[PDB]
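Structure file my_file_18.pdb (PDB, C-alpha atoms) follows.
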MODEL        1
ATOM      1  CA  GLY N   1     -63.029  97.862  23.143  1.00  0.00           C
ATOM      2  CA  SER N   2     -61.670  96.728  26.502  1.00  0.00           C
ATOM      3  CA  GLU N   3     -61.653  93.018  27.336  1.00  0.00           C
ATOM      4  CA  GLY N   4     -59.141  92.842  30.170  1.00  0.00           C
ATOM      5  CA  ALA N   5     -58.140  89.247  29.470  1.00  0.00           C
ATOM      6  CA  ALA N   6     -54.560  88.077  29.994  1.00  0.00           C
ATOM      7  CA  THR N   7     -53.028  84.675  29.253  1.00  0.00           C
ATOM      8  CA  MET N   8     -50.616  82.918  31.608  1.00  0.00           C
ATOM      9  CA  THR N   9     -47.316  81.231  30.743  1.00  0.00           C
ATOM     10  CA  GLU N  10     -45.407  78.068  31.642  1.00  0.00           C
ATOM     11  CA  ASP N  11     -43.260  80.038  34.089  1.00  0.00           C
ATOM     12  CA  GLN N  12     -46.307  81.018  36.147  1.00  0.00           C
ATOM     13  CA  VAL N  13     -47.758  77.507  35.984  1.00  0.00           C
ATOM     14  CA  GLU N  14     -44.435  76.083  37.176  1.00  0.00           C
ATOM     15  CA  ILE N  15     -44.331  78.382  40.205  1.00  0.00           C
ATOM     16  CA  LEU N  16     -48.048  78.443  41.016  1.00  0.00           C
ATOM     17  CA  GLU N  17     -47.974  74.641  41.094  1.00  0.00           C
ATOM     18  CA  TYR N  18     -44.969  74.501  43.423  1.00  0.00           C
ATOM     19  CA  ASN N  19     -46.889  76.645  45.914  1.00  0.00           C
ATOM     20  CA  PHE N  20     -49.859  74.266  45.836  1.00  0.00           C
ATOM     21  CA  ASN N  21     -48.473  70.771  46.434  1.00  0.00           C
ATOM     22  CA  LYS N  22     -45.174  71.690  48.097  1.00  0.00           C
ATOM     23  CA  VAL N  23     -46.742  74.275  50.409  1.00  0.00           C
ATOM     24  CA  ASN N  24     -50.521  74.262  50.862  1.00  0.00           C
ATOM     25  CA  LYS N  25     -53.911  74.771  49.214  1.00  0.00           C
ATOM     26  CA  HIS N  26     -55.443  77.559  51.302  1.00  0.00           C
ATOM     27  CA  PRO N  27     -52.432  79.824  52.056  1.00  0.00           C
ATOM     28  CA  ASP N  28     -53.038  83.049  53.978  1.00  0.00           C
ATOM     29  CA  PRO N  29     -52.586  86.498  52.357  1.00  0.00           C
ATOM     30  CA  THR N  30     -49.119  86.492  53.920  1.00  0.00           C
ATOM     31  CA  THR N  31     -47.875  83.465  51.979  1.00  0.00           C
ATOM     32  CA  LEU N  32     -49.971  84.388  48.942  1.00  0.00           C
ATOM     33  CA  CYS N  33     -48.243  87.768  48.706  1.00  0.00           C
ATOM     34  CA  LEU N  34     -44.877  86.021  48.395  1.00  0.00           C
ATOM     35  CA  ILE N  35     -46.153  83.823  45.564  1.00  0.00           C
ATOM     36  CA  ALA N  36     -47.551  86.821  43.687  1.00  0.00           C
ATOM     37  CA  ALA N  37     -44.264  88.734  43.706  1.00  0.00           C
ATOM     38  CA  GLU N  38     -42.417  85.520  42.849  1.00  0.00           C
ATOM     39  CA  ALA N  39     -44.175  84.540  39.620  1.00  0.00           C
ATOM     40  CA  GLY N  40     -45.168  88.148  39.016  1.00  0.00           C
ATOM     41  CA  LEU N  41     -48.898  88.034  39.724  1.00  0.00           C
ATOM     42  CA  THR N  42     -51.238  89.612  42.272  1.00  0.00           C
ATOM     43  CA  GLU N  43     -52.933  88.267  45.402  1.00  0.00           C
ATOM     44  CA  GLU N  44     -56.237  88.598  43.546  1.00  0.00           C
ATOM     45  CA  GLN N  45     -55.038  86.554  40.569  1.00  0.00           C
ATOM     46  CA  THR N  46     -53.106  83.970  42.587  1.00  0.00           C
ATOM     47  CA  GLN N  47     -56.290  83.370  44.581  1.00  0.00           C
ATOM     48  CA  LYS N  48     -58.288  82.492  41.466  1.00  0.00           C
ATOM     49  CA  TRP N  49     -55.689  79.914  40.431  1.00  0.00           C
ATOM     50  CA  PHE N  50     -55.794  78.120  43.782  1.00  0.00           C
ATOM     51  CA  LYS N  51     -59.587  78.404  43.832  1.00  0.00           C
ATOM     52  CA  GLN N  52     -60.047  76.852  40.389  1.00  0.00           C
ATOM     53  CA  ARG N  53     -57.233  74.315  40.749  1.00  0.00           C
ATOM     54  CA  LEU N  54     -58.752  73.268  44.076  1.00  0.00           C
ATOM     55  CA  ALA N  55     -61.911  72.178  42.258  1.00  0.00           C
ATOM     56  CA  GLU N  56     -59.820  69.485  40.561  1.00  0.00           C
ATOM     57  CA  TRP N  57     -57.768  68.511  43.612  1.00  0.00           C
ATOM     58  CA  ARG N  58     -60.950  67.744  45.548  1.00  0.00           C
ATOM     59  CA  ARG N  59     -61.819  65.215  42.843  1.00  0.00           C
ATOM     60  CA  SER N  60     -58.358  63.640  42.931  1.00  0.00           C
ATOM     61  CA  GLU N  61     -57.864  63.241  46.681  1.00  0.00           C
ATOM     62  CA  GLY N  62     -61.548  62.686  47.379  1.00  0.00           C
ATOM     63  CA  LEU N  63     -63.974  64.525  49.650  1.00  0.00           C
ATOM     64  CA  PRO N  64     -67.627  64.362  50.830  1.00  0.00           C
ATOM     65  CA  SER N  65     -70.529  66.472  49.567  1.00  0.00           C
ATOM     66  CA  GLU N  66     -72.468  69.320  51.178  1.00  0.00           C
ATOM     67  CA  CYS N  67     -76.048  68.457  50.223  1.00  0.00           C
ATOM     68  CA  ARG N  68     -78.904  67.754  52.637  1.00  0.00           C
ATOM     69  CA  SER N  69     -81.386  65.242  51.224  1.00  0.00           C
ATOM     70  CA  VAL N  70     -84.444  63.508  52.680  1.00  0.00           C
ATOM     71  CA  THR N  71     -83.271  60.142  51.353  1.00  0.00           C
ATOM     72  CA  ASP N  72     -79.504  60.592  51.087  1.00  0.00           C
TER      73      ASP N  72
ENDMDL
END
Step by step, read the file and then write its structure as structure tokens.
Amino acid sequence: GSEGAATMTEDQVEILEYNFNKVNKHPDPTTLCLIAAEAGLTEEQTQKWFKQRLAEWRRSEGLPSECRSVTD
């Protein structure tokens, strides 16, 4: 019946990427709002992109781990 699934395009990926490396990774709702209206998305959707994309960036740049172990 109702899935509610939408696919993105190259235009959105070209803009969403520009506001990730040439701006920041954790932009406030103020800057996020500008990106949404730009590409044509919403603050809720734009947030998911940065959230998911961040999972890969952390692996590229390199960061520690949040896990308390008795040995490690």
Correct to one decimal, the distance atom CA of residue 5 of chain N-atom CA of residue 57 of chain N is 25.1 Å
Q.
Let me make sure I understand: among N:71, N:4, N:50, N:44, which one has the smallest atom-to-atom distance to residue 23 of chain N if we use only C-alpha atoms?
A.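 For residue 23 of chain N, the nearest of the candidates is N:50.
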Let me know the centre plus edge lengths, in Å and rounded to one decimal, of a box with edges along x, y and z that contains all listed atoms of segment 25-43 of chain N and is padded by 3 Å on every side, as JSON.
{"center_x": -48.9, "center_y": 82.2, "center_z": 46.5, "size_x": 19.0, "size_y": 20.8, "size_z": 21.0}
Could you list the residues chosen by the PyMOL selection byres ((chain N and resi 12) around 10) in this structure as a list in words? residues 8, 9, 10, 11, 13, 14, 15, 16, 17, 18, 35, 36, 38, 39, 40, 41 and 46 of chain N
Practice prompt. Do a neighbour search on residue 52 of chain N at 12 Å with only C-alpha atoms, toss out local chain neighbours closer than 5 positions, and write the hits as JSON, numbers by chain.
Written response: {"N": [20, 25, 26, 45, 46, 47, 57, 58]}
In Å and to one decimal, atom CA of residue 3 of chain N is distant from atom CA of residue 53 of chain N by 23.4 Å
(message) Please compute the atom CA of residue 66 of chain N-atom CA of residue 54 of chain N distance, one decimal, in Å.
(response)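 Distance between the two atoms: 15.9 Å.
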Which is closest to residue 30 of chain N among N:61, N:68, N:55, N:43, if we use all atoms listed in the file?
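Counting all atoms listed in the file, the residue closest to residue 30 of chain N is N:43.
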Hey, could you patch up segment 47-71 of chain N with N, CA, C and O atoms and hand it over as a compact mmCIF listing (two decimals), keeping the file's coordinate frame?
# COMPACT_ATOMS: atom_id res chain seq x y z
N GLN N 47 -55.18 83.97 43.85
CA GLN N 47 -56.29 83.37 44.58
C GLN N 47 -57.20 82.59 43.64
O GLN N 47 -57.69 81.51 43.99
N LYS N 48 -57.43 83.14 42.45
CA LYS N 48 -58.29 82.49 41.47
C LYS N 48 -57.70 81.16 41.02
O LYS N 48 -58.42 80.18 40.83
N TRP N 49 -56.38 81.13 40.85
CA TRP N 49 -55.69 79.91 40.43
C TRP N 49 -55.89 78.79 41.45
O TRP N 49 -56.25 77.67 41.09
N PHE N 50 -55.64 79.10 42.72
CA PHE N 50 -55.79 78.12 43.78
C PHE N 50 -57.26 77.72 43.95
O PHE N 50 -57.56 76.58 44.30
N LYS N 51 -58.16 78.66 43.71
CA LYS N 51 -59.59 78.40 43.83
C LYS N 51 -60.07 77.44 42.75
O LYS N 51 -60.80 76.49 43.03
N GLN N 52 -59.66 77.70 41.51
CA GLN N 52 -60.05 76.85 40.39
C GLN N 52 -59.34 75.50 40.45
O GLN N 52 -59.96 74.45 40.29
N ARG N 53 -58.03 75.54 40.67
CA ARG N 53 -57.23 74.32 40.75
C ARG N 53 -57.73 73.41 41.87
O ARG N 53 -57.66 72.18 41.77
N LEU N 54 -58.24 74.02 42.94
CA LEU N 54 -58.75 73.27 44.08
C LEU N 54 -59.94 72.40 43.67
O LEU N 54 -60.13 71.31 44.20
N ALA N 55 -60.74 72.90 42.73
CA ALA N 55 -61.91 72.18 42.26
C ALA N 55 -61.52 70.82 41.68
O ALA N 55 -62.31 69.87 41.73
N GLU N 56 -60.31 70.73 41.14
CA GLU N 56 -59.82 69.48 40.56
C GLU N 56 -59.17 68.61 41.62
O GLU N 56 -59.32 67.38 41.61
N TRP N 57 -58.44 69.24 42.54
CA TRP N 57 -57.77 68.51 43.61
C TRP N 57 -58.77 67.74 44.47
O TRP N 57 -58.52 66.61 44.87
N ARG N 58 -59.91 68.37 44.74
CA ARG N 58 -60.95 67.74 45.55
C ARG N 58 -61.43 66.45 44.91
O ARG N 58 -61.84 65.51 45.60
N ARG N 59 -61.39 66.40 43.58
CA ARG N 59 -61.82 65.22 42.84
C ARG N 59 -60.74 64.14 42.86
O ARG N 59 -61.04 62.94 42.84
N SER N 60 -59.48 64.57 42.91
CA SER N 60 -58.36 63.64 42.93
C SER N 60 -58.24 62.96 44.29
O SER N 60 -58.37 61.74 44.40
N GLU N 61 -58.00 63.76 45.33
CA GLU N 61 -57.86 63.24 46.68
C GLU N 61 -59.15 62.55 47.12
O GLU N 61 -59.12 61.40 47.58
N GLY N 62 -60.27 63.25 46.99
CA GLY N 62 -61.55 62.69 47.38
C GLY N 62 -62.11 63.34 48.63
O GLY N 62 -61.46 63.36 49.67
N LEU N 63 -63.32 63.87 48.52
CA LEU N 63 -63.97 64.53 49.65
C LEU N 63 -65.49 64.31 49.61
O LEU N 63 -66.04 63.95 48.57
N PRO N 64 -66.17 64.53 50.74
CA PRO N 64 -67.63 64.36 50.83
C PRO N 64 -68.38 65.42 50.04
O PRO N 64 -67.79 66.16 49.25
N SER N 65 -69.69 65.50 50.26
CA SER N 65 -70.53 66.47 49.57
C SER N 65 -71.43 67.21 50.55
O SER N 65 -71.95 66.62 51.50
N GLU N 66 -71.63 68.50 50.31
CA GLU N 66 -72.47 69.32 51.18
C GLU N 66 -73.87 69.47 50.59
O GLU N 66 -74.19 70.50 50.00
N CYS N 67 -74.69 68.44 50.74
CA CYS N 67 -76.05 68.46 50.22
C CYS N 67 -76.99 67.68 51.13
O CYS N 67 -76.86 66.46 51.29
N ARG N 68 -77.94 68.38 51.74
CA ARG N 68 -78.90 67.75 52.64
C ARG N 68 -80.09 67.20 51.86
O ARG N 68 -80.82 67.96 51.21
N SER N 69 -80.28 65.89 51.92
CA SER N 69 -81.39 65.24 51.22
C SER N 69 -82.25 64.44 52.19
O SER N 69 -81.77 63.99 53.24
N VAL N 70 -83.52 64.26 51.84
CA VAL N 70 -84.44 63.51 52.68
C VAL N 70 -84.13 62.02 52.65
O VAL N 70 -84.36 61.30 53.62
N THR N 71 -83.61 61.55 51.51
CA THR N 71 -83.27 60.14 51.35
C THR N 71 -81.79 59.91 51.60
O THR N 71 -81.40 59.03 52.37
